[PDB]
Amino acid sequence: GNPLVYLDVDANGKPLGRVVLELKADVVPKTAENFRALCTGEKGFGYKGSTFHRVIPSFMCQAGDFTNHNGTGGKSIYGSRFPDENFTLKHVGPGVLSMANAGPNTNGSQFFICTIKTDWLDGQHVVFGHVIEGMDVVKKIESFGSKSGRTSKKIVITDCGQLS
């Protein structure tokens, strides 16, 4: 069974609500497991307390750099980077959960949730899940972004974890 995990997100300390994500461990077990474990914090580090640092309306919301908080950092539960597992899942529309990277085989912890079909990323970013509920919360996050990616409020993952 695929994990169900959640992100509780605030904007300047004000709750926006909860995003619930299905992780496709049945297709990309290593990538799903990394994200699941970073939600629970069970390795001693993870997403709790970190930010959505790059948010671009009509594109995507990017988070997961819990070390440098600016797109340069993050790390996986395996090491500083891990290979692209596969590209079987595609960026088919809004709600897709996919790995940010810095080129081939540079997955760490940064990730993005799409607010549009980002099919030009197929074959280059590992898709590993989708939004089950809370896409309205993703839209609220999106509303505090801008074309440069700079956010107009501090968007924080106040809490995260696993539901099943």
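The first residue of the shown sequence is 1; numbering continues from there.
Quick one: say whether 133-141 or 59-67 has the higher mean Cα B-factor in the deposited entry. Between 133-141 and 59-67, it is 133-141.
Within this chain's modelled residues, let me know which third the CA B factor of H53 belongs to: lowest, middle or highest. Tercile = lowest for this residue's CA B-factor.
Chain-relative CA temperature factor third for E33: Lowest third.
Taking the values exactly as deposited, rank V5 by C-alpha B-factor within its chain and report the matching third: lowest, middle or highest. Bottom third by C-alpha B-factor.
Pull the Cα B-factor of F45 out of the PDB entry and bin it into the chain's lowest, middle or highest third. It belongs to the highest third of the chain when residues are ordered by C-alpha B-factor.
Using only modelled residues of the chain, where does the Cα B factor of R150 rank: lowest third, middle third or highest third? Middle third by C-alpha B-factor.
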